[PDB]
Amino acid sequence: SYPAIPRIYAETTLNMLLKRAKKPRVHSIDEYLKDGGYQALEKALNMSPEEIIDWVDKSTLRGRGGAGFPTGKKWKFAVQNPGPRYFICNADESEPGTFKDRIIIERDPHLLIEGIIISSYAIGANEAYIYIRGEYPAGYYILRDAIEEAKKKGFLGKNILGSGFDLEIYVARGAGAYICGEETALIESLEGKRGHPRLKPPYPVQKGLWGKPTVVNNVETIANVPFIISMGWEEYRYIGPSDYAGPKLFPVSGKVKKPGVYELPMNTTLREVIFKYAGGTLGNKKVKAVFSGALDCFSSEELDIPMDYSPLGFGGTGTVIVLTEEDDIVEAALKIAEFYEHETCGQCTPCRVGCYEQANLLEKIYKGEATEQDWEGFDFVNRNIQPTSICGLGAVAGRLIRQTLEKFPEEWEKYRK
């Protein structure tokens, strides 16, 4: 008995991360075990930590949380520093368009738990955390329940499967701040403080929770780890392009026939995501733009790019928000501006004032109330949110909007009128 959640459509061509999570219900431990679950953990505990880090490195697994950093290399940075060490699963997922993580958490929690246990063992962490946004209450309770199931089977607690490895997983909840998704801000919140990002470097792997070596990984990243152990790193690499290995979840939303989460290899193009898998657009209207969450804007001329972490790739979290020919780009830009207005933590002055002014000036532009000075101010503010910024939000708060100005000048000019 959990709080009500929507029925998010899910589809897979690889049958890995969504083997169970393609069905909208909670898969409990008995069902997970029947599908071969927790065997990868047992195999992992028979290996050395160093071997596991090596496999994850050689798999070429990259972070699924937006930045695309090599997971193995991240873990190696942590273990070069003396323990104790901490492992954190990041389940804050609060970016517009992004709902890929929740379907793993709510439908296949044991997949995530297995990955956390293996990952923790790899980096020598005896204490692990899941930080889940507060707007995912069912996920919180589902995880709490699944963790207790795992403990009763002896996959958590002391002396797991006679290995002598000890692990406890704690579930913490956010409270409505997107910034808590930033890894240093997340760590601050775990210490019981305001989610204020820290100056990086140092990176968490050097100094994290309680100033100790800490790895932070995205839910989706961690869900890959059982597969790498189970299949071996080489078989994992044969999934998808040689350069960008493994399954990837693509949350697709906006005006498509079949909005939902698609598990696809990263050699899939953006056009294929929308037309082949998502079924095309509602009313077969032409695609005007795709918003990569709140990070980037792609035009219709950019639909043939691969959904990978290459320089010319889609990148990000694979979030695909589709806008059709009828949808106003300025209106959409306003919504992105409003997002950053609401989410800036306020530590840095240009970010604090810039995010505010970007949204407020854009609102006036949208309502046809903007003076000529408002237009000049909007342009200036958009370009000056980043100075002095200590985290990624300040660096990207004007990125998507600037791209709309560059890619849709004709549409912006009508608001100039």
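When you see a residue number, it is the position in the sequence shown, counting from 1. Between two forms, the rigid core is the largest collection of C-alphas that superpose within 1.5 Å.
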- [ ] Overlaying the structures in 7 other deposited structures of this protein on the rigid core, point out which of 110 to 118 and 199 to 207 has the bigger RMS C-alpha shift.
- [x] 199 to 207
Task: Average Cα temperature factor in the PDB entry - higher stretch of 281 to 289, 73 to 81 - done: 281 to 289
Task: 56 to 64 versus 23 to 31 - greater average Cα B-factor per the deposited record - done: 23 to 31
- [ ] By the entry's C-alpha temperature factors, tell me which of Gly354, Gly377, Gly368, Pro387 sits highest.
- [x] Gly368
Task: Which of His110, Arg237, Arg102, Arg133 ranks first by CA B-factor in the deposited coordinates - done: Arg237
TODO: Could you say whether, by C-alpha temperature factor, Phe250 belongs to the lowest, middle or highest third of its chain?
DONE: lowest
Task: Chain third (lowest, middle, highest) by recorded CA B-factor, residue given as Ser48 - done: highest
- [ ] Compare the C-alpha B factor of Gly260 with those of the other modelled residues in its chain, then answer lowest, middle or highest third.
- [x] middle
TODO: Sorting the chain's modelled residues by C-alpha B-factor, tell me whether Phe339 ends up in the lowest, middle or highest third.
DONE: lowest
Task: Assigned third (lowest, middle, highest) for the C-alpha B factor of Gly318 - done: lowest
